[PDB]
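Novice: Before I ask anything, here is the structure I am working with.
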Amino acid sequence: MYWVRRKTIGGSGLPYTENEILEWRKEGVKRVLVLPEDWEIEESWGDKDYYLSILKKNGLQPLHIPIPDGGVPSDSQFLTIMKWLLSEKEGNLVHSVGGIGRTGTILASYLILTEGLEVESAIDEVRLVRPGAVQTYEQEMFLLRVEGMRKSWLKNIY
Numbered sequence: 001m002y003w004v005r006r007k008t009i010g011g012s013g014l015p016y017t018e019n020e021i022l023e024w025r026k027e028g029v030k031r032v033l034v035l036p037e038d039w040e041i042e043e044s045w046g047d048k049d050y051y052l053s054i055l056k057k058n059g060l061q062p063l064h065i066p067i068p069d070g071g072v073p074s075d076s077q078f079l080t081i082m083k084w085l086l087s088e089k090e091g092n093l094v095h096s097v098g099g100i101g102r103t104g105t106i107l108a109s110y111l112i113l114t115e116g117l118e119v120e121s122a123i124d125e126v127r128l129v130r131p132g133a134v135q136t137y138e139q140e141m142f143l144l145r146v147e148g149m150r151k152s153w154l155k156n157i158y
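Each residue of the sequence shown is one higher than the last, beginning at 1 in PDB author numbering.
So this is what it looks like as structure tokens:
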């Protein structure tokens, strides 16, 4: 687990046991944006809903926004993602399966919008703590498309 912005927003891969979840809490995580698809959670936990309830039992507020591996969120999922991350500033955790592709894409999106950074700079910022963040061409294009319509997104986010 890594923080992109000290205790405000970080990322991680998919936890395998409840102990990794407790570590998140111990680290200051308070809200969790779950990005992997149903089958991906199922493959490791046995049941998607059980996993989400387990986040709650451990004191975390989860939000499940399914994004295909190597892919990006739809416009609706993104507006939803940004409003969620922004409605409560501290202790935000974003996670995928490896904590690199989808997670890096969202975190970099976050910076492009909240810090007005270009794509390259945002990805670079995330890579300081998460080597390799952002894996695909589709993800790169998403971030570019986002930087391009920055004001539009901000107008909608707020």
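Each residue gets a CB set at the ideal place from its N, CA and C atoms; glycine is no exception.
Label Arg-145 either buried or exposed according to how many other C-beta atoms from any shown protein chain fall within 10 Å of its C-beta, with 16 as the threshold for buried.
Specialist: Its Cβ having fewer than 16 others within 10 Å, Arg-145 is exposed.
Novice: Which residues in the same chain as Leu-33 place their Cβ atom closer than 6 Å to its Cβ, once the five residues preceding and following it in sequence are excluded?
Specialist: Contacts found: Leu-63 and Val-94.
Novice: Taking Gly-10 as part of the beta strand (DSSP E), name the residues at either end of that continuous run.
Specialist: It spans 9–12 - the beta strand (DSSP E) in which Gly-10 sits, taken as one unbroken run.
Novice: Am I right that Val-119 and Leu-143 are in contact with their C-beta atoms under 8 Å? What's the rounded C-beta distance?
Specialist: The Cβ separation is near 5 Å, so the contact holds.
Novice: Just how far apart, CA to CA, sit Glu-138 and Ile-100?
Specialist: Whole-angstrom Cα-Cα distance: 14 Å.
Novice: Assess contact between the segment 62–82 and the segment 28–44, defined as three or more Cβ pairs (one per stretch) separated by less than 8 Å. Is contact present?
Specialist: Touching, yes.
Novice: Counting only beta-carbon atoms, is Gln-77 nearer than 8 Å to chain B?
Specialist: The structure shown contains no chain B; it holds only a single protein chain.
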